[PDB]
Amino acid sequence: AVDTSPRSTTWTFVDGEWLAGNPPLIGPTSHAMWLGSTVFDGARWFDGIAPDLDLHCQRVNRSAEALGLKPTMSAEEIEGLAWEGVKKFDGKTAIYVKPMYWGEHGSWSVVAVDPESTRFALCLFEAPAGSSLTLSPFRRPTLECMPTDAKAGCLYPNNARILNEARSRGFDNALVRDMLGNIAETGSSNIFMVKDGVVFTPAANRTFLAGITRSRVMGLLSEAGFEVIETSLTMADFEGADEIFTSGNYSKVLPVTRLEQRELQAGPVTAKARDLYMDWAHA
């Protein structure tokens, strides 16, 4: 009944080979199947360029260490495979690049993954306007209760609730607070706001991933003469903002045009952030 083939053209490097489709890799006795030992990252190729691909390949390795896995591939080898893999596509569509590590076996206790049982795959697949935000009744976890250190599948079912409950109320996404009440990020990306020409973004506090796109954008805007401030923000701050915009979602910078009931224009600083990213990425 359930069709498991991919929704778009897909090529995956695993165990020395490039495979089309959705080839099964993990079984019912694989530790990753029931006990959560998986880690991934994401980058985007479009028009012969892959912005910060190198940083995404380093991160998937740090994610793996952080979740108790042992990264088998150097970041350079992962980059290398990505450039080879991209040639198997016609190039007329953007390609998402998803490296993954996972565990096959537990250790002295079945719950703790055996780092020597780590396996790797690199999955490349073709890719399938202002958005609206509300406030989520859900929260980010903390480093004390989850490994927020890792870009890991185990964190994402909370994002699935966040996004679905926001959609049930007519929004595309939602802002998500940490356990202190401060805004951390959205259900799927980092968040920025602008007030009186100044750019603000939630300070990195280990409840959320301080993104690679976030870091690039902050650096670009600084070098263009903006004030960019990492701080603690609340909902009140966002209700008062001149512009709001997101970063992530495979290296994109996207405007937010509705916050709760209030409409906003897509703003100038946001456009500038987009033009700087592009000029940097094409240089």
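Position 1 is the first residue in the sequence shown; the rest follow in order.
Peer 1: Averaged over C-alpha atoms, is the B-factor higher for 197-205 or for 87-95 in this PDB entry?
Peer 2: Stretch with the greater average CA B-factor: 87-95.
Peer 1: Going by the average Cα B-factor in the PDB entry, point out whether 228-236 or 35-43 comes out higher.
Peer 2: Result of the comparison: 228-236.
Peer 1: If you check the C-alpha B-factor for each of 106, 128, 153, 187 in the entry, which is highest?
Peer 2: If I rank 106, 128, 153, 187 by C-alpha B-factor, first place goes to 128.
Peer 1: Is residue 168 in the lowest, middle or highest third of its chain when residues are ranked by C-alpha B-factor?
Peer 2: CA B-factor rank for residue 168: middle third.
Peer 1: Using the temperature factors of the C-alpha atoms in this entry, rank residue 132 within its chain: lowest, middle or highest third.
Peer 2: Tercile = middle for this residue's CA B-factor.
Peer 1: Within this chain's modelled residues, let me know which third the CA B factor of residue 258 belongs to: lowest, middle or highest.
Peer 2: It falls in the top third of the chain.
Peer 1: In terms of the chain's CA B-factor thirds, is residue 220 lowest, middle or highest?
Peer 2: Answer is middle: the recorded C-alpha B-factor places it there.
Peer 1: Using the temperature factors of the C-alpha atoms in this entry, rank residue 251 within its chain: lowest, middle or highest third.
Peer 2: As the PDB entry reports it, the C-alpha B-factor of residue 251 lands in the highest third of its chain.
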